[PDB]
Structures are given as C-alpha cells and as structure tokens.
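See below for the structure under consideration.
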Amino acid sequence: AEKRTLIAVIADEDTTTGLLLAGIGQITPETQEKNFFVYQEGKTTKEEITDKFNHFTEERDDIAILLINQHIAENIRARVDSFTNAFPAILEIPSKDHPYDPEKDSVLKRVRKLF
Amino acid sequence: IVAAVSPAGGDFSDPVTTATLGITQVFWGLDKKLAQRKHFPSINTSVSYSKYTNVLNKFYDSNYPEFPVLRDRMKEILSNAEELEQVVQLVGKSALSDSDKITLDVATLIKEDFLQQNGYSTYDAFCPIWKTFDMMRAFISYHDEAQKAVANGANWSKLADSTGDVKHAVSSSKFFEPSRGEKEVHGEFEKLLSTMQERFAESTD
Amino acid sequence: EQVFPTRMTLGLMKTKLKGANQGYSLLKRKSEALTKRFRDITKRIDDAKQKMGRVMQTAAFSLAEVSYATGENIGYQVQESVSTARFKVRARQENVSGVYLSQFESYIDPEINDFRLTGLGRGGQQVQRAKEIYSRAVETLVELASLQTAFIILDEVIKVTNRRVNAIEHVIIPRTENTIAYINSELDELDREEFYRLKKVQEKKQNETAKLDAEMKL
C-alpha cells in the first residue's frame, strides 16, 4: 500500500521554507505540481485550503502525512475532524510563535474522551 | 469375520452398536464430514481403534521395525492439528508460530495425500505394505526436517518457496504404481528421501 | 426459544455450548491484553506530541533566527530551488499482540544529499547548520504519526471484539440452553408414554393368563 510516498504541509511561510530546505515536500516532476503549499495567513481562502486537502487525500494519494499548523487547522476544524481515515496520516502542529494547542488536535481531542 | 453395522440415524445411540463395541476388537467408525466432501475413505481417526497393534509388533520388528513409533508420531501429528483447528476458526490464523503452520500444513498434506485414495485407478487399487511404509517415512521425515530447520531460527514463509518443489514431489510420490520392481520402487523412494535431505540442506543455507 | 430440532440432537447443542464458552473466554482475554497495550500507546503518544509541540518551535525559530542573522533570508531560493524530497515513507509491518499492524516507519531517503543551499557565503553555512535541527523534528513527527495510526487501529479492533463478546454472552448461550432444556423435556416425555404402553400390554397379558388358568384348578 505504498502509493502514498510524499508528505504535504499546510503551514506558514517560514515553516514551509525550513521544510523545503530540509526537503520533504517535493515539486512532483511527474505532475509538475507541488504537494506542499505555502499558507498566507488571511490571504488564502478556506476554500483553497479545503481544495488542497481534498487533492492530497482523494486525488493526490501520493501524500502520506498531511501536516498542518494547529492555528491553520483550526480554520478548517470541520474539515479536519470530518475526515477520519487512518490510512493517510494527518498531524497537527503549532504555528509560528503559537504555543502547543491541545484542543486544536482532533486526534488528541478524541483521546481525552473515552479515556 | 468382518461384520458391517449400519448407521441407525444417530451416530452411536443405537444399542446394537453399543453391544457390538462391547465385544468387537477392531472398529472402523464413519465420518459424516469427509463423506460430505467426497473424501471416499471416511474413517474417523478420532473414535476408531484396534487392539491388535499391541501384538502385531512381533511381526513388525521381524520385517519393518519402524512402524510403531512412526505410526504413533503420525497419530500425534493429526491429533495436534485437529485440536489446533478447533480454536483457529474462532479467531483466525494470524497469531501463529512457524511450527504451528508447519504442523497444520503437514496434517493437511497427509490427510489429502496419504489418507485419500480411490479404489478405481490402477496405481491406487492396492497399496502394498512396503510402499505404504516408504511413503509414510517420506512424510514424517519431511515434517521433522522442517521442524528442525525452523527451530534453529528461520522464517518458514521464505523456506516454503524453496520447499514447494519437494512438497510437490512428496505429494506426487503416491503415483508410483506398484508391481514394477517391488524393490526398485524402494530404491526410488530412498533416492527421493536423500534428494529431499540435500535440497533442505542447500536451501537451509 | 429457537427452531426446535427434536431428533436426538443433544450432542450437537452441547458441543455448541462448549464452543461458545471457549470463544467467550478467549476473546475476553484477548480484549484484556489489547486494552492493556492501548493504555501505554495513549500515554506515549500524548507525551510525544506534547514535547514535540515545543521542540519543533525552538528548532524552527532558531532556523529563522540564523536566516535573519546573515541579513538575507533564503526563503525564496528554498521555495523555488528544491527539486526532490529528502525523506520517503515506507509501510511498517508488525503484530503488537495478535492483531497485525500496518505501522509506519521513518524510512530516511539520503538518495538525495543535503540540498545544495550552501554557497551564499555567510548564510551558506548557516542554512545547512539550521537544517539539521530543522531536520530533527521529522523523525519525531513520523513516530507520532505511527503512534496515531496504531492507536486508531487498536481502538477499532478492541471495540469490535468487545461488542462481539457482549453479543455472544447475552444472546447465544441463553438461546442454546433453553433449547437444551426443551429437548431434554421432550426426550423425558417420550419414555413416559412408552412405559404406559408396555404396562398396558403386560397387564393385559397377566390378567388374561390368570383368568385362563383360574378355571384349570377344577
């Protein structure tokens, strides 16, 4: 089941730049498309975020871990918790200068209950 | 005398069967399941028995000393396989050691190759004692070799890929029709056994 | 309380009862073990996520600080110059306890070396210097993802097994034992009328023979 070979991120500019210089998000030469997207806080619409999520999940199944900032993921909280398939990994991380967010993690939220 | 009781519906509730069992020495029960699956020899190896095994060793040792221990080993293998099957269904064959799979597959091979036989093909009409002895040796030697190989550390999944050839060989061994040399067949079986040992040794590498 | 096969089928139903008991006990214990291992996964994933929350922030903030230290942020070049990923994902196979797990493993991909970002001079060294610390959180993140997947799989498996055990205990055994009692009652009933019939014939015979031999005294 190793079709999902890449890792996507929906994060702020500096985090995405550090990720790219390290290098996991690959500009897919086969698709000429980047599965990594630089989020612009306040400029990128929630519709675009949901569209990229849908791509990486259903259409571009080449992504294994769909990373996103906790603050950014909050804007798509409904989308975040609507998709609950464990085959594609979805991890939430704090945004730039944003501390650890326990309630912003759907997985942790579910963990706290039924515990 | 070879009587032939008839089933009366229930397996053994009828009193005639009880009375016959009270006196008769050798009993060859019937298995519904195997009959349902067209496994024509439907002798149930869980209830049937024979009390002349004790005495027949006097004749066995004069010609074939290995029947007693080998037969007991085969019966133990079959009993272990069936008891494991009793539980495997309720859960599934996922958390099983290599030895468990070895025993299960060996039992299946014996049941589908050793026990089964059709009384209509020329090569299968009558199985002499020596041929049965050699074919039994083949199966039990294969099983013990596999057990020894896995015990010392190895993945039976990988080993099975190589073994498939000798497994097919032993499964097809029965097709050696008798009445050709009566001794050349024994040499063929011995060569097959030696080649099995060689193939396991080299593949075990 | 079932379809009633009354034809000396006692042995079959007793076998079913024994099988039900065995399966019940085995599944009970399997669920116990799986829950025990679920607890530790919960604790460890919680701790790992909590510590990563700040480890990543310090790593990324230090990388940004060194980027500004040179006076020339290299965000644009790393945004356009990157070609291939440095890490690939591989599925990890493992059976934690009974259940087979399709875990994930941190399959590093050094096939592409450190990105050719050095070369700016002052910042050429610092970018790769901060990359390692920025390349450190990847392993923790992938470990966290593997823990998350294992958590989900364990949760669903234990839920399924527990509900199955409850259903078996609360449905099957009563249904079969009521039928057992019914069959026992019927088989007890038959012998009663059989005995009555035999008694009738015996009394008929004894009475008639006594009457016949009564006159024979004369």
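FYI, nothing fancy with the structure tokens labels: chains A, B, ... in order, residues from 1 per chain, ligands from 1 as they appear.
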- Message: If we count only C-alpha atoms and set the cut-off at 12 Å, which residues sit around residue 129 (chain B), ignoring sequence neighbours fewer than 3 positions away in its own chain? Please answer as a PyMOL selection string.
- Response: chain B and resi 60+63-64+67+126+132-136+178+182+186
- Message: I'd like the contact shell of residue 20 (chain B) - 12 Å cut-off, only C-alpha atoms, skipping same-chain residues fewer than 6 positions apart - returned as a ChimeraX atom specification.
- Response: /B:2-6,12,14,26-27
At a cut-off of 8 Å, can you tabulate as a Markdown table every residue of chain B near chain C together with its closest atom pair and the distance in Å to one decimal, using only C-alpha atoms and ordering rows by chain then number?
| residue | atom | partner | partner_atom | distance |
| --- | --- | --- | --- | --- |
| B:10 | CA | C:8 | CA | 7.2 |
| B:87 | CA | C:23 | CA | 8.0 |
| B:90 | CA | C:23 | CA | 6.3 |
| B:94 | CA | C:98 | CA | 6.8 |
| B:95 | CA | C:98 | CA | 5.0 |
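CA of residue 15 (chain B) lies 17.4 Å from CA of residue 190 (chain C).
Interatomic distance, CA of residue 194 (chain B) against CA of residue 168 (chain B): 15.6 Å.
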- Backbone DSSP call of strand (DSSP E) for region 8-83 of chain A, listed as JSON, numbers by chain: {"A": [8, 9, 10, 11, 27, 28, 33, 34, 37, 38, 63, 64, 65, 66, 67, 68, 69]}
With N, CA, C and O atoms retained, export the selected residues as a PDB file, in the first residue's frame.
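And here is the file that came out, result_5.pdb:
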ATOM      1  N   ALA A   8       2.644  16.176   2.613  1.00  0.00           N
ATOM      2  CA  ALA A   8       2.103  17.502   2.354  1.00  0.00           C
ATOM      3  C   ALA A   8       2.078  18.324   3.635  1.00  0.00           C
ATOM      4  O   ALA A   8       2.010  17.793   4.747  1.00  0.00           O
ATOM      5  N   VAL A   9       2.133  19.641   3.463  1.00  0.00           N
ATOM      6  CA  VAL A   9       2.120  20.578   4.577  1.00  0.00           C
ATOM      7  C   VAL A   9       1.235  21.760   4.214  1.00  0.00           C
ATOM      8  O   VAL A   9       1.263  22.247   3.078  1.00  0.00           O
ATOM      9  N   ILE A  10       0.447  22.218   5.182  1.00  0.00           N
ATOM     10  CA  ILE A  10      -0.298  23.472   5.078  1.00  0.00           C
ATOM     11  C   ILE A  10       0.136  24.299   6.284  1.00  0.00           C
ATOM     12  O   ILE A  10      -0.460  24.219   7.363  1.00  0.00           O
ATOM     13  N   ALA A  11       1.179  25.106   6.107  1.00  0.00           N
ATOM     14  CA  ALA A  11       1.800  25.816   7.212  1.00  0.00           C
ATOM     15  C   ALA A  11       2.211  27.204   6.740  1.00  0.00           C
ATOM     16  O   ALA A  11       2.113  27.534   5.554  1.00  0.00           O
ATOM     17  N   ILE A  27       8.427  19.033  -5.365  1.00  0.00           N
ATOM     18  CA  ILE A  27       7.704  19.527  -6.529  1.00  0.00           C
ATOM     19  C   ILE A  27       7.638  18.371  -7.514  1.00  0.00           C
ATOM     20  O   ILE A  27       8.627  18.055  -8.184  1.00  0.00           O
ATOM     21  N   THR A  28       6.480  17.736  -7.606  1.00  0.00           N
ATOM     22  CA  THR A  28       6.363  16.487  -8.345  1.00  0.00           C
ATOM     23  C   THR A  28       6.716  16.700  -9.812  1.00  0.00           C
ATOM     24  O   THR A  28       5.925  17.312 -10.543  1.00  0.00           O
ATOM     25  N   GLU A  33       3.577  19.521 -10.240  1.00  0.00           N
ATOM     26  CA  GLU A  33       2.766  20.155  -9.212  1.00  0.00           C
ATOM     27  C   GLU A  33       3.386  19.889  -7.850  1.00  0.00           C
ATOM     28  O   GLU A  33       3.894  18.794  -7.592  1.00  0.00           O
ATOM     29  N   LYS A  34       3.341  20.897  -6.985  1.00  0.00           N
ATOM     30  CA  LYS A  34       3.866  20.782  -5.633  1.00  0.00           C
ATOM     31  C   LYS A  34       2.747  20.396  -4.675  1.00  0.00           C
ATOM     32  O   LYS A  34       1.718  21.075  -4.603  1.00  0.00           O
ATOM     33  N   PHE A  37       2.154  23.481   0.043  1.00  0.00           N
ATOM     34  CA  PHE A  37       1.553  24.783  -0.204  1.00  0.00           C
ATOM     35  C   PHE A  37       1.969  25.741   0.900  1.00  0.00           C
ATOM     36  O   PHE A  37       1.888  25.402   2.085  1.00  0.00           O
ATOM     37  N   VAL A  38       2.412  26.930   0.509  1.00  0.00           N
ATOM     38  CA  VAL A  38       2.777  27.974   1.457  1.00  0.00           C
ATOM     39  C   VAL A  38       1.509  28.724   1.840  1.00  0.00           C
ATOM     40  O   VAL A  38       0.873  29.358   0.991  1.00  0.00           O
ATOM     41  N   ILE A  63       0.543  11.447  -1.043  1.00  0.00           N
ATOM     42  CA  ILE A  63       0.929  12.056   0.224  1.00  0.00           C
ATOM     43  C   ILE A  63       0.576  11.097   1.351  1.00  0.00           C
ATOM     44  O   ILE A  63      -0.539  10.563   1.395  1.00  0.00           O
ATOM     45  N   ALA A  64       1.525  10.884   2.262  1.00  0.00           N
ATOM     46  CA  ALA A  64       1.302  10.015   3.410  1.00  0.00           C
ATOM     47  C   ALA A  64       0.900  10.802   4.653  1.00  0.00           C
ATOM     48  O   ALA A  64      -0.146  10.529   5.250  1.00  0.00           O
ATOM     49  N   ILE A  65       1.713  11.776   5.050  1.00  0.00           N
ATOM     50  CA  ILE A  65       1.437  12.612   6.210  1.00  0.00           C
ATOM     51  C   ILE A  65       0.986  13.971   5.699  1.00  0.00           C
ATOM     52  O   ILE A  65       1.736  14.659   4.995  1.00  0.00           O
ATOM     53  N   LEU A  66      -0.237  14.356   6.045  1.00  0.00           N
ATOM     54  CA  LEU A  66      -0.788  15.654   5.673  1.00  0.00           C
ATOM     55  C   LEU A  66      -0.640  16.585   6.869  1.00  0.00           C
ATOM     56  O   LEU A  66      -1.516  16.637   7.739  1.00  0.00           O
ATOM     57  N   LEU A  67       0.468  17.317   6.909  1.00  0.00           N
ATOM     58  CA  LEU A  67       0.794  18.191   8.025  1.00  0.00           C
ATOM     59  C   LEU A  67       0.082  19.526   7.870  1.00  0.00           C
ATOM     60  O   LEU A  67      -0.202  19.967   6.753  1.00  0.00           O
ATOM     61  N   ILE A  68      -0.211  20.163   9.003  1.00  0.00           N
ATOM     62  CA  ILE A  68      -0.878  21.458   9.014  1.00  0.00           C
ATOM     63  C   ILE A  68      -0.682  22.080  10.387  1.00  0.00           C
ATOM     64  O   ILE A  68      -0.630  21.383  11.403  1.00  0.00           O
ATOM     65  N   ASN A  69      -0.570  23.406  10.414  1.00  0.00           N
ATOM     66  CA  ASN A  69      -0.448  24.104  11.684  1.00  0.00           C
ATOM     67  C   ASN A  69      -1.751  24.010  12.467  1.00  0.00           C
ATOM     68  O   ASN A  69      -2.846  23.978  11.899  1.00  0.00           O
TER      69      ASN A  69
END
- Task: For residue 54 (chain C), work out the shell of residues within 10 Å, counting only C-alpha atoms and skipping chain neighbours fewer than 6 positions away, then give it as number ranges by chain.
- Result: A: 93-94, 97-100; C: 60
Atoms to include: C-alpha atoms. Write the selected residues as a compact mmCIF listing (two decimals), in the first residue's frame.
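Below you can see again.txt, which holds the result:
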# COMPACT_ATOMS: atom_id res chain seq x y z
CA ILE A 93 1.50 21.19 14.75
CA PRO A 94 1.70 24.64 16.39
CA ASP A 97 5.07 31.63 17.67
CA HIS A 98 1.83 29.79 18.52
CA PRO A 99 2.33 27.51 21.55
CA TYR A 100 1.10 23.93 21.91
CA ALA C 60 12.16 26.43 13.52
- Message: Should the cut-off be 6 Å, what would the residue list for chain A against chain C look like, counting only C-alpha atoms, as JSON, numbers by chain?
- Response: {"A": [5, 17, 20, 21, 22, 23, 24, 25, 26, 86, 100]}
Could the residues in this selection be saved with C-alpha atoms as an mmCIF file, in the first residue's frame?
data_model
loop_
_atom_site.group_PDB
_atom_site.id
_atom_site.type_symbol
_atom_site.label_atom_id
_atom_site.label_comp_id
_atom_site.auth_asym_id
_atom_site.auth_seq_id
_atom_site.Cartn_x
_atom_site.Cartn_y
_atom_site.Cartn_z
ATOM 1 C CA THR A 5 5.051 8.312 -0.974
ATOM 2 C CA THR A 17 10.698 27.319 3.823
ATOM 3 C CA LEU A 20 11.730 22.774 1.849
ATOM 4 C CA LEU A 21 15.387 23.491 2.631
ATOM 5 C CA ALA A 22 15.403 20.283 4.646
ATOM 6 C CA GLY A 23 13.338 18.860 1.795
ATOM 7 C CA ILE A 24 10.348 16.554 2.114
ATOM 8 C CA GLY A 25 7.714 18.364 0.074
ATOM 9 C CA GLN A 26 8.789 17.543 -3.485
ATOM 10 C CA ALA A 86 -6.182 6.323 9.454
ATOM 11 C CA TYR A 100 1.102 23.932 21.907
#
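Proximity ranking of A:50, A:19, A:56, A:85 relative to residue 156 (chain C) places A:85 first, based on only C-alpha atoms.
Residues in contact with residue 163 (chain B) at up to 9 Å, not including ones fewer than 3 positions away on its chain and judged by only C-alpha atoms, are residues 159, 160, 166, 167, 168, 199, 200 and 203 of chain B.
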- Report the residues of chain B whose backbone DSSP state falls under helix (DSSP H, G or I), written as a ChimeraX atom specification. /B:15-23,32-36,53-63,67-91,98-115,122-124,129-151,156-175,184-204
Write a file of the just-selected residues containing C-alpha atoms, as a short mmCIF file (atom, residue, chain, number, x, y, z; two decimals), in the first residue's frame.
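Saved the output as result_9.cif:
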data_model
loop_
_atom_site.label_atom_id
_atom_site.label_comp_id
_atom_site.auth_asym_id
_atom_site.auth_seq_id
_atom_site.Cartn_x
_atom_site.Cartn_y
_atom_site.Cartn_z
CA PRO B 15 -27.97 -50.27 21.26
CA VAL B 16 -26.76 -52.67 18.56
CA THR B 17 -23.65 -50.55 18.06
CA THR B 18 -23.07 -50.45 21.81
CA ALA B 19 -23.34 -54.24 22.08
CA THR B 20 -21.02 -54.77 19.12
CA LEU B 21 -18.45 -52.37 20.58
CA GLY B 22 -18.68 -54.25 23.88
CA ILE B 23 -17.16 -57.33 22.22
CA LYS B 32 -20.01 -37.54 8.17
CA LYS B 33 -17.76 -34.61 7.26
CA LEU B 34 -15.39 -36.50 4.96
CA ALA B 35 -18.32 -38.18 3.22
CA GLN B 36 -19.87 -34.76 2.64
CA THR B 53 -1.48 -53.16 17.47
CA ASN B 54 -0.02 -54.43 20.75
CA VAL B 55 0.59 -57.91 19.35
CA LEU B 56 1.49 -57.07 15.75
CA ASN B 57 4.85 -55.60 16.82
CA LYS B 58 6.19 -59.17 16.95
CA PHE B 59 5.69 -59.44 13.19
CA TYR B 60 6.61 -55.81 12.54
CA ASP B 61 10.08 -55.93 14.07
CA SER B 62 10.93 -59.01 12.00
CA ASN B 63 10.47 -57.03 8.78
CA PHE B 67 6.00 -48.92 12.01
CA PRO B 68 5.12 -48.47 15.72
CA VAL B 69 6.95 -45.25 16.55
CA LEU B 70 6.30 -43.69 13.15
CA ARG B 71 2.58 -44.51 13.34
CA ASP B 72 2.36 -43.05 16.83
CA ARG B 73 4.11 -39.89 15.62
CA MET B 74 1.66 -39.55 12.73
CA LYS B 75 -1.32 -40.02 15.03
CA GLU B 76 0.07 -37.41 17.41
CA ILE B 77 0.54 -35.01 14.49
CA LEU B 78 -3.06 -35.49 13.36
CA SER B 79 -4.44 -35.04 16.88
CA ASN B 80 -2.41 -31.87 17.40
CA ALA B 81 -3.56 -30.48 14.05
CA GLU B 82 -7.23 -31.14 14.76
CA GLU B 83 -7.11 -29.67 18.27
CA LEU B 84 -5.41 -26.56 16.89
CA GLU B 85 -8.07 -26.34 14.17
CA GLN B 86 -10.70 -26.46 16.92
CA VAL B 87 -9.63 -22.99 18.09
CA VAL B 88 -8.14 -21.44 14.96
CA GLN B 89 -11.60 -20.95 13.44
CA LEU B 90 -12.96 -18.86 16.33
CA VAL B 91 -10.16 -16.30 15.83
CA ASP B 98 6.16 -21.17 12.38
CA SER B 99 5.85 -24.61 13.99
CA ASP B 100 2.07 -24.25 14.18
CA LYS B 101 1.82 -23.51 10.46
CA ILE B 102 4.21 -26.38 9.73
CA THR B 103 2.06 -28.82 11.69
CA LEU B 104 -1.14 -27.55 10.10
CA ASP B 105 0.17 -27.80 6.54
CA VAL B 106 1.74 -31.21 7.18
CA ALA B 107 -1.55 -32.50 8.57
CA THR B 108 -3.42 -31.15 5.55
CA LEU B 109 -0.91 -32.74 3.18
CA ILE B 110 -1.15 -36.12 4.92
CA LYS B 111 -4.95 -36.01 5.01
CA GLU B 112 -5.24 -35.07 1.33
CA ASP B 113 -2.47 -37.38 0.06
CA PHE B 114 -1.82 -40.24 2.49
CA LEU B 115 -5.35 -40.99 3.69
CA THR B 122 -4.58 -48.93 -11.32
CA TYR B 123 -1.77 -47.23 -9.38
CA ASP B 124 -4.13 -46.82 -6.39
CA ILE B 129 2.82 -52.77 2.88
CA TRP B 130 6.31 -51.72 1.77
CA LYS B 131 5.01 -48.87 -0.40
CA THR B 132 2.91 -47.56 2.48
CA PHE B 133 5.94 -47.80 4.76
CA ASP B 134 8.16 -45.81 2.40
CA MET B 135 5.56 -43.14 1.67
CA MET B 136 4.95 -42.75 5.41
CA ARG B 137 8.69 -42.36 6.01
CA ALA B 138 8.79 -39.64 3.37
CA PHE B 139 6.11 -37.53 5.04
CA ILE B 140 7.38 -37.87 8.60
CA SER B 141 10.99 -37.22 7.59
CA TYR B 142 9.88 -34.11 5.71
CA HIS B 143 7.98 -32.86 8.76
CA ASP B 144 10.81 -33.47 11.21
CA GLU B 145 13.37 -31.86 8.90
CA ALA B 146 11.19 -28.76 8.59
CA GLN B 147 10.71 -28.62 12.36
CA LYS B 148 14.45 -28.89 12.98
CA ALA B 149 15.24 -26.23 10.38
CA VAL B 150 12.77 -23.70 11.79
CA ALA B 151 13.69 -24.42 15.42
CA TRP B 156 9.16 -20.63 7.25
CA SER B 157 7.49 -18.29 4.75
CA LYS B 158 10.74 -17.84 2.82
CA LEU B 159 11.68 -21.51 3.21
CA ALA B 160 8.33 -22.67 1.82
CA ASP B 161 9.08 -21.01 -1.52
CA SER B 162 12.12 -23.24 -1.99
CA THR B 163 10.42 -26.29 -0.47
CA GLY B 164 7.47 -26.15 -2.88
CA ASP B 165 9.36 -28.42 -5.27
CA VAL B 166 9.98 -31.22 -2.78
CA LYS B 167 6.49 -30.71 -1.36
CA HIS B 168 5.06 -31.40 -4.81
CA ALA B 169 7.44 -34.35 -5.13
CA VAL B 170 6.22 -35.99 -1.92
CA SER B 171 2.60 -35.19 -2.79
CA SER B 172 3.05 -36.94 -6.16
CA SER B 173 5.04 -39.85 -4.72
CA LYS B 174 1.86 -41.91 -4.37
CA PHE B 175 1.55 -42.11 -8.17
CA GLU B 184 13.30 -50.73 -7.46
CA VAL B 185 10.43 -48.68 -6.05
CA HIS B 186 12.16 -48.79 -2.67
CA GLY B 187 15.35 -47.52 -4.28
CA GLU B 188 13.38 -44.72 -5.92
CA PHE B 189 11.91 -43.75 -2.55
CA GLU B 190 15.36 -43.81 -0.94
CA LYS B 191 16.73 -41.58 -3.69
CA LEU B 192 13.80 -39.20 -3.18
CA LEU B 193 14.50 -39.07 0.56
CA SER B 194 18.20 -38.38 0.01
CA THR B 195 17.39 -35.64 -2.50
CA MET B 196 14.92 -34.13 -0.01
CA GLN B 197 17.67 -34.02 2.61
CA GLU B 198 20.05 -32.44 0.08
CA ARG B 199 17.52 -29.83 -1.05
CA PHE B 200 16.68 -28.81 2.51
CA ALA B 201 20.37 -28.64 3.41
CA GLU B 202 21.30 -26.44 0.45
CA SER B 203 18.18 -24.28 0.74
CA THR B 204 18.67 -24.06 4.51
#
- Which residues, written as a PyMOL selection string, have at least one atom at most 12 Å from residue 174 (chain C), with only C-alpha atoms counted and residues fewer than 4 positions away on the same chain left out? chain C and resi 1-2+13+16-17+20-21+167-170+178-181
Store the residues of this selection in a file with N, CA and C atoms, as a PDB file, in the first residue's frame.
ATOM      1  N   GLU C   1     -37.093 -21.581  22.644  1.00  0.00           N
ATOM      2  CA  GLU C   1     -36.809 -20.236  22.157  1.00  0.00           C
ATOM      3  C   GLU C   1     -35.868 -20.307  20.960  1.00  0.00           C
ATOM      4  N   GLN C   2     -36.265 -21.097  19.964  1.00  0.00           N
ATOM      5  CA  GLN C   2     -35.443 -21.357  18.788  1.00  0.00           C
ATOM      6  C   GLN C   2     -36.223 -22.243  17.826  1.00  0.00           C
ATOM      7  N   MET C  13     -25.847 -29.676  20.356  1.00  0.00           N
ATOM      8  CA  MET C  13     -26.062 -28.460  21.129  1.00  0.00           C
ATOM      9  C   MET C  13     -25.061 -28.339  22.270  1.00  0.00           C
ATOM     10  N   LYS C  16     -21.988 -27.027  20.793  1.00  0.00           N
ATOM     11  CA  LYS C  16     -22.125 -25.591  20.571  1.00  0.00           C
ATOM     12  C   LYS C  16     -21.914 -24.818  21.864  1.00  0.00           C
ATOM     13  N   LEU C  17     -22.464 -25.317  22.971  1.00  0.00           N
ATOM     14  CA  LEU C  17     -22.275 -24.645  24.253  1.00  0.00           C
ATOM     15  C   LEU C  17     -20.799 -24.584  24.626  1.00  0.00           C
ATOM     16  N   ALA C  20     -19.023 -22.062  22.468  1.00  0.00           N
ATOM     17  CA  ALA C  20     -19.364 -20.708  22.882  1.00  0.00           C
ATOM     18  C   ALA C  20     -18.573 -20.307  24.116  1.00  0.00           C
ATOM     19  N   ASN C  21     -18.496 -21.198  25.107  1.00  0.00           N
ATOM     20  CA  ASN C  21     -17.737 -20.877  26.314  1.00  0.00           C
ATOM     21  C   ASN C  21     -16.270 -20.625  25.990  1.00  0.00           C
ATOM     22  N   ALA C 167     -22.235  -9.543  22.677  1.00  0.00           N
ATOM     23  CA  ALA C 167     -23.335 -10.138  21.927  1.00  0.00           C
ATOM     24  C   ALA C 167     -23.391 -11.641  22.150  1.00  0.00           C
ATOM     25  N   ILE C 168     -22.242 -12.312  22.059  1.00  0.00           N
ATOM     26  CA  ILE C 168     -22.224 -13.756  22.264  1.00  0.00           C
ATOM     27  C   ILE C 168     -22.780 -14.090  23.638  1.00  0.00           C
ATOM     28  N   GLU C 169     -22.239 -13.452  24.678  1.00  0.00           N
ATOM     29  CA  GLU C 169     -22.641 -13.788  26.038  1.00  0.00           C
ATOM     30  C   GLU C 169     -24.124 -13.536  26.254  1.00  0.00           C
ATOM     31  N   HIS C 170     -24.638 -12.416  25.751  1.00  0.00           N
ATOM     32  CA  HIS C 170     -26.001 -12.011  26.055  1.00  0.00           C
ATOM     33  C   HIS C 170     -27.038 -12.613  25.117  1.00  0.00           C
ATOM     34  N   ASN C 178     -31.831 -22.805  26.525  1.00  0.00           N
ATOM     35  CA  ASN C 178     -33.278 -23.002  26.526  1.00  0.00           C
ATOM     36  C   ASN C 178     -33.664 -24.161  25.616  1.00  0.00           C
ATOM     37  N   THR C 179     -33.054 -24.228  24.433  1.00  0.00           N
ATOM     38  CA  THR C 179     -33.305 -25.347  23.533  1.00  0.00           C
ATOM     39  C   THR C 179     -32.850 -26.662  24.153  1.00  0.00           C
ATOM     40  N   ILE C 180     -31.717 -26.645  24.856  1.00  0.00           N
ATOM     41  CA  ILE C 180     -31.256 -27.841  25.556  1.00  0.00           C
ATOM     42  C   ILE C 180     -32.334 -28.334  26.511  1.00  0.00           C
ATOM     43  N   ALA C 181     -32.881 -27.420  27.312  1.00  0.00           N
ATOM     44  CA  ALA C 181     -33.907 -27.804  28.275  1.00  0.00           C
ATOM     45  C   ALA C 181     -35.142 -28.348  27.571  1.00  0.00           C
TER      46      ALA C 181
END
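Note that CA of residue 29 (chain A) and CA of residue 120 (chain C) are 26.4 Å apart.
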